[PDB]
Amino acid sequence: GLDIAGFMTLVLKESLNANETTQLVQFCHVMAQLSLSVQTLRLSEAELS
Amino acid sequence: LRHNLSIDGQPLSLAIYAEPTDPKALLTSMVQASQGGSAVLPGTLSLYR
């Protein structure tokens, strides 16, 4: 449940969160999963765009 | 006699080989994408020459 604005604000914040840090690492794991799926499927730049 | 075989059951007509369709090759090509430029920032005029 984090937008990009909240994303970098809480990143610049030095992990001042109890469970929102867990939310942030879940966000990062989700983007990692998407990137790894893209890499496995060999989806191209133009297709993804 | 009914199935048109020999005395020991060997077929009297040679079974057709039924040559398969065999596989085919695969091809891939290139994909391109286009973009524009960034907004030109008005350069803050210095005093130097």
# chains A, B, ... in the order shown; residues from 1 in each chain; ligands from 1

call {"tool": "closest_atom_pairs", "arguments": {"of": "chain B", "to": "chain A", "cutoff": "12 Å", "atoms": "only C-alpha atoms", "output": "tab-separated table"}}
result
residue	atom	partner	partner_atom	distance
B:29	CA	A:44	CA	11.5
B:30	CA	A:44	CA	9.8
B:31	CA	A:46	CA	6.8
B:32	CA	A:46	CA	6.5
B:33	CA	A:46	CA	5.6
B:34	CA	A:46	CA	8.9
B:35	CA	A:49	CA	11.0

call {"tool": "write_last_selection", "arguments": {"atoms": "N, CA, C and O atoms", "output": "tab-separated table (two decimals), in the first residue's frame"}}
result
chain	number	residue	atom	x	y	z
B	29	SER	N	13.06	-12.04	-34.55
B	29	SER	CA	13.44	-10.80	-35.21
B	29	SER	C	13.68	-9.69	-34.18
B	29	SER	O	13.56	-9.90	-32.97
B	30	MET	N	14.02	-8.51	-34.69
B	30	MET	CA	14.35	-7.37	-33.85
B	30	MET	C	13.11	-6.54	-33.57
B	30	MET	O	12.16	-6.55	-34.36
B	31	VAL	N	13.11	-5.82	-32.45
B	31	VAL	CA	12.01	-4.95	-32.06
B	31	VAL	C	12.61	-3.63	-31.59
B	31	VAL	O	13.61	-3.63	-30.85
B	32	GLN	N	12.01	-2.52	-32.00
B	32	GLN	CA	12.52	-1.19	-31.70
B	32	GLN	C	11.49	-0.39	-30.91
B	32	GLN	O	10.31	-0.77	-30.84
B	33	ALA	N	11.93	0.70	-30.30
B	33	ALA	CA	11.08	1.60	-29.52
B	33	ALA	C	11.60	3.02	-29.71
B	33	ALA	O	12.78	3.23	-30.01
B	34	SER	N	10.71	4.00	-29.55
B	34	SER	CA	11.08	5.39	-29.76
B	34	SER	C	10.71	6.24	-28.54
B	34	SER	O	9.77	5.91	-27.80
B	35	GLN	N	11.45	7.32	-28.34
B	35	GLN	CA	11.24	8.22	-27.21
B	35	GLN	C	11.51	9.66	-27.63
B	35	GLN	O	12.09	9.91	-28.69

call {"tool": "residues_around", "arguments": {"residues": "residue 10 of chain B", "least_positions_apart": "6", "cutoff": "12 Å", "atoms": "only C-alpha atoms", "output": "MDAnalysis selection string"}}
result
chainID B and resid 1 3:4

call {"tool": "write_last_selection", "arguments": {"atoms": "N, CA, C and O atoms", "output": "PDB file, in the first residue's frame"}}
result
ATOM      1  N   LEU B   1      -8.013 -66.392 -41.347  1.00  0.00           N
ATOM      2  CA  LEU B   1      -8.623 -66.142 -42.649  1.00  0.00           C
ATOM      3  C   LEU B   1      -9.406 -64.834 -42.651  1.00  0.00           C
ATOM      4  O   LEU B   1      -9.368 -64.077 -43.628  1.00  0.00           O
ATOM      5  N   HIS B   3      -8.929 -62.133 -40.759  1.00  0.00           N
ATOM      6  CA  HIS B   3      -8.046 -60.981 -40.658  1.00  0.00           C
ATOM      7  C   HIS B   3      -6.965 -60.966 -41.731  1.00  0.00           C
ATOM      8  O   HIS B   3      -6.115 -60.070 -41.721  1.00  0.00           O
ATOM      9  N   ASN B   4      -6.980 -61.930 -42.649  1.00  0.00           N
ATOM     10  CA  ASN B   4      -6.050 -61.978 -43.775  1.00  0.00           C
ATOM     11  C   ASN B   4      -4.602 -62.017 -43.286  1.00  0.00           C
ATOM     12  O   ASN B   4      -3.794 -61.125 -43.551  1.00  0.00           O
TER      13      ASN B   4
END

call {"tool": "atom_distance", "arguments": {"atom1": "atom CA of residue 34 of chain A", "atom2": "atom CA of residue 13 of chain A"}}
result
25.4 Å

call {"tool": "residues_around", "arguments": {"residues": "residue 22 of chain A", "least_positions_apart": "5", "cutoff": "12 Å", "atoms": "only C-alpha atoms", "output": "MDAnalysis selection string"}}
result
chainID A and resid 1:2 10 15:17 27:29

call {"tool": "atom_distance", "arguments": {"atom1": "atom CA of residue 3 of chain A", "atom2": "atom CA of residue 23 of chain A"}}
result
11.5 Å
